[PDB]
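Right, one structure below, let's go through it.
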Amino acid sequence: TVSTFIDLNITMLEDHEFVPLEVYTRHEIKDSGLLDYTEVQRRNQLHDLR
Amino acid sequence: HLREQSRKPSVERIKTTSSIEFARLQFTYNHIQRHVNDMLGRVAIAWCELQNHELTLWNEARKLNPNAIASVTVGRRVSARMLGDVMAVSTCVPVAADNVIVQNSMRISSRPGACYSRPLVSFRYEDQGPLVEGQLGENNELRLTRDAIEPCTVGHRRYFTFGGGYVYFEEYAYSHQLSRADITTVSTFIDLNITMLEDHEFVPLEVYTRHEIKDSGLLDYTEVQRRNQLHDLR
Amino acid sequence: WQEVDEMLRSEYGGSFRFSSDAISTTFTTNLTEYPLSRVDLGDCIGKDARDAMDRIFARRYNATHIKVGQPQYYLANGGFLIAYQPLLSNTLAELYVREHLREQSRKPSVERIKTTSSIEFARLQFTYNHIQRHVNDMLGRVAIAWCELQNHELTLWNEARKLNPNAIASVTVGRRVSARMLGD
Ligand SMILES: *[C@@H]1O[C@H](CO)[C@@H](O[C@@H]2O[C@H](CO)[C@@H](O)[C@H](O)[C@H]2NC(C)=O)[C@H](O)[C@H]1NC(C)=O
Ligand SMILES: *[C@@H]1O[C@H](CO)[C@@H](O[C@@H]2O[C@H](CO)[C@@H](O)[C@H](O)[C@H]2NC(C)=O)[C@H](O)[C@H]1NC(C)=O
Ligand SMILES: *[C@@H]1O[C@H](CO)[C@@H](O)[C@H](O)[C@H]1NC(C)=O
């Protein structure tokens with residue numbers, strides 16, 4: 001068999017899922033400061049009851 | 001309603017990410033993907049229909065000229081004819097272009113009033129083999145039977161495909177060969193222009209860096225502490 | 001920051017590009033390794049890199065590919081370090097000799113590398129590159145197939161013009177003309 005047809009190949013672009021990605025979370029940013037003022041306050045205001 | 005009602009079936013605090021960009025990307029991708037996939041699918045289908053549609057043309061075409069149609073459909077210069085409803089082919093024999101000779105006159109002196117209708121040639125198969133008399137057919141074919149004649153007519157003027165060009169006879173007399181460039185050309189083709197989408201680089205971009213955000217506060221508590229705890233040693 | 005099983009390194013335009021389909025990211029580095037010697041206090045880089053890679057290779061590739069050279073560390077734009085480990089499948093393992101050498105050809109004060117806070121640029125770059133590649137491929141295929149089709153139908157038009165030179169020439173020339181064959 002010979003053919004008079006001209007081929008053409010089209011495959012659909014497959015699905016692709018995007019997972020959530022973060023370089024730094026806000027908890028790491030809150031921990032970036034050398035002294036979280038709030039936690040220092042809460043610790044130091046327990047001295048009499050401790 | 002039932003289908004939506006079929007979805008109903010300790011404690012926890014749900015944690016939400018800080019970057020919505022992943023779902024936005026996913027939306028953009030899905031949108032584009034859907035569109036391009038749709039259109040290209042349509043193209044594939046329409047093309048597929050077109051081929052079957054033109055089959056019908058090719059059957060009548062091959063009835064008209066089996067040599068050229070088979071030569072295209074097979075991939076090499078062949079000869080063909082119909083054996084009822086099927087085709088029969090056979091591979092031809094090539095001949096080097098320097099081993100073909102167009103004769104000057106297109107009129108046979110033996111019987112005047114009859115001039116050969118197509119120019120006759122004389123060629124050889126090997127560069128040392130014997131010479132062979134023939135006649136020029138269509139598309140650089142060398143015919144062996146010189147049965148192509150015609151009653152000589154005034155006003156005769158013909159071009160014939162020869163080599164990679166043409167040969168020109170006026171009044172059954174060899175005028176001159178003539179290459180393809182010297183005849184105005186029309187085209188049966190339909191143009192289509194596709195340029196690839198060029199590359200593009202994305203440089204990193206930030207509206208505010210985290211150092212500017214740390215500096216946004218009017219008083220960084222840590223730096224104040226470090227400065228103020230140096231008073232005795234200072 | 002990110003462990004990446006399948007990280008494809010493709011070279012082009014004088015740049016290495018590390019694309020991870022998993023995290024959907026594409027990093028861009030120069031074609032030479034970043035020396036871990038220049039990292040101010042960074043033993044956890046080499047240690048964590050080697051350990052993590054031993055774990056990944058042990059988990060997934062131990063029956064399909066072959067480790068090609070010691071790990072290499074490249075610095076990707078945006079300030080990202082990339083430990084990397086080239087590989088080569090059991091199929092076409094013939095070219096271990098050349099590829100090992102090729103990966104070994106990348107080896108040649110102190111500084112602290114600064115990393116950007118937004119990975120979105122490399123994610124965009126990955127999405128764009130993916131789409132671009134696909135659409136470019138398909139449209140190229142279309143251009144080729146069309147081009148073949150025109151030459152294919154030429155053969156039809158020659159016999160057609162033998163059948164009816166007036167109409168065929170009227171189409172092929174652009175105006176209503178009359179025509180006939182002067183031989184060929
Ligand atoms: C039509 O589609 C693609 C080309 O675009 C080919 O499919 C892939 O071919 C590769 C090898 O080139 C295989 O490893 C893959 O398994 C195939 N599928 C996919 C999804 O990638 C296919 O061969 C083309 N058709 C023809 C006749 O070649
Ligand atoms: C085929 O491709 C494009 C059209 O899509 C044309 O190429 C550009 O044409 C513009 C003028 O329209 C020039 O300034 C550019 O230099 C061309 N190249 C690029 C990359 O933009 C091209 O002319 C088209 N072909 C024809 C025959 O027109
Ligand atoms: C790549 O090399 C160029 C030229 O030396 C340099 O300017 C650029 O910073 C390098 N990029 C890296 C190392 O990521």
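Letters A, B, ... go to the chains of the structure tokens in the order shown; residues in each chain start at 1; ligands are counted from 1 in the same order.
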- Identify, on the basis of only C-alpha atoms, every residue whose closest approach to residue 214 in chain B does not exceed 12 Å; exclude the query and any residue fewer than 4 positions from it along the same chain; express the result as a list in words. residues 29, 30, 31, 32, 33 and 34 of chain A; 208, 209, 210, 218, 219, 220, 221, 222 and 223 of chain B
- Task: Please give me, as a list in words, the residues lying within 7 Å of ligand 2 when counting only C-alpha atoms and all ligand atoms.
- Result: residues 193, 194 and 195 of chain B
- Query: What is the CA of residue 89 in chain C-CA of residue 64 in chain C distance in Å, reported with one decimal?
  - Reply: 5.6 Å
- Query: If we count only C-alpha atoms, what is near residue 18 in chain B at a cut-off of 9 Å, once residues fewer than 2 positions away on the same chain are taken out, given as number ranges by chain?
  - Reply: A: 22, 25-26; B: 16, 20
- Item | Separation of CA of residue 141 in chain B from CA of residue 112 in chain B, in Å and rounded to one decimal | 26.9 Å
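The residue that comes closest to residue 49 in chain C, out of C:23, C:4, C:181, C:139 and on the basis of only C-alpha atoms, is C:4.
Non-sequential neighbours of range 106-111 of chain C (distance at most 6 Å, separation of 3 or more positions within a chain, only C-alpha atoms) are residues 32, 33, 38, 39, 40 and 103 of chain C.
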- Output as an MDAnalysis selection string all residues of chain B that backbone DSSP marks as strand (DSSP E or B). chainID B and resid 78:83 86:91 100:102 105 107 114:116 120:123 132:136 142:143 149:151 157:162 165:170 173:179
- Query: Mind listing the residues within 9 Å of ligand 3, only C-alpha atoms and all ligand atoms counted, as an NGL selection string?
  - Reply: :C and (15 or 28-34 or 74-80)
